[PDB]
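Just the one chain here, the form deposited in one PDB entry, laid out as structure tokens.
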């Protein structure tokens, strides 16, 4: 809801609702990603990935990213007020924000102890993705996940943070900007309430600087678009109007 004078009841139900939506749209539970940290690709398995073609690695990565986006879109549609927005406004928020949320969620699958990430059943370093020839971009994604891992987000914290990545009234092309401002205001009030209540306000000053996530997402999506133009993946679109905006 967008209503003014959001009560303590509304705010705490917004926290619970967003956290449930987050937990139920994760590909794997946090406890399963943590329990798989000891399951690491052997040097033989890493060499097998490195000897794959650029196009086979592109297909594997693109497949995972398509699924990650689709989960974020499920998450967005569960956020209160989102499905009451116009289709234009839903697509404006997702086109910018969906990959930004995917990039934030990646930190759950990042192990800062040995700089590995979960990929197709085991953990491996960035040398696993050598065949793609995107060493600088993948290095920036690892760095960003490392910076987010240092915050030690609770499930509530990462849920509210990613809800605010999506429900942002400053995306160009919104026709109901005032309505999204009111939704965002209430999410910010919930986020700040929750952080104050749990004595975790110290994380606010440590969140990624204004524009860093947007910039990383821009570099990432630019690269994905170039790969798609040169070797298009065939996606069965779960959300055809959104798909048309990104793949046309």
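Residue numbers count along the first chain shown, from 1.
Keep in mind the form deposited with a partner chain bound is missing from the figure; the text below concerns it.
In terms of contact with the partner chain in the deposited bound form, the residue from 74, 176, 143, 127 that brings a heavy atom within 4.5 Å is 74. This chain is drawn without the partner chain; in the deposited bound form, the residue among 110, 161, 82, 153 with a heavy atom within 4.5 Å of it is 82. In the deposited bound form, at least one heavy atom of residue 87 sits within 4.5 Å of a heavy atom of the partner chain. Contact between residue 148 and the partner chain in the deposited bound form is not found at the 4.5 Å heavy atom cutoff. The partner chain is not drawn, but in the deposited bound form it has a heavy atom within 4.5 Å of residue 91.
In the deposited bound form, the partner chain sits within 4.5 Å of a heavy atom of residue 95.
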